[PDB]
Amino acid sequence: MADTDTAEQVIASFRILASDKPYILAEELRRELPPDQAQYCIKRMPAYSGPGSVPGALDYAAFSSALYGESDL
Amino acid sequence: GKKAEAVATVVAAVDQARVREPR
């Protein structure tokens with residue numbers, strides 16, 4: 001809605017699941033995303049990357065770029 | 001309705017990368 005660009009859509013969509021957060025927790029994807037989706041994603045998004053992060057945060061923004069862009073080809 | 005729509009986008013995007021998974 002307020003954003004659109006394939007990669008931006010996933011970030012805006014993930015932000016909603018993480019509850020207005022620059023990162024998402026593994027447990028959140030398990031209860032917010034099909035158990036199978038949380039496990040697969042929890043692997044893509046590296047270990048978040050913020051200043052006031054938390055003990056167990058993940059960055060879906062890094063994973064979004066890989067889904068629509070992985071290695072040059 | 002707003003949150004469910006976001007999950008559809010994340011799930012749809014997740015299935016895209018999964019399609020690249022052999023059997």
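Each reported figure results from applying straightforward, stated rules to the coordinates on display, with no laboratory input. All Cβ positions, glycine included, derive from the backbone under ideal geometry; neighbour counts span all protein chains shown.
A crude spin-label estimate for the pair A:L73 and A:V54, with each label 7 Å from Cα along the Cβ direction, gives 3.5 nm. Between A:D20 and A:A47, the modelled label-to-label distance comes to 2.9 nm, taking each label 7 Å out from Cα in the direction of the beta carbon.
At q = 0.12, 0.18, 0.19, 0.23 Å⁻¹ the log10 of I(q)/I(0) for the protein assembly as shown amounts to -0.34, -0.78, -0.87, -1.27, computed by Debye summation with a single uniform scatterer per C-alpha, solvent ignored. Residue by residue along A:1-7, Cβ atoms of other protein chains within 10 Å of the local Cβ number 1 on average.
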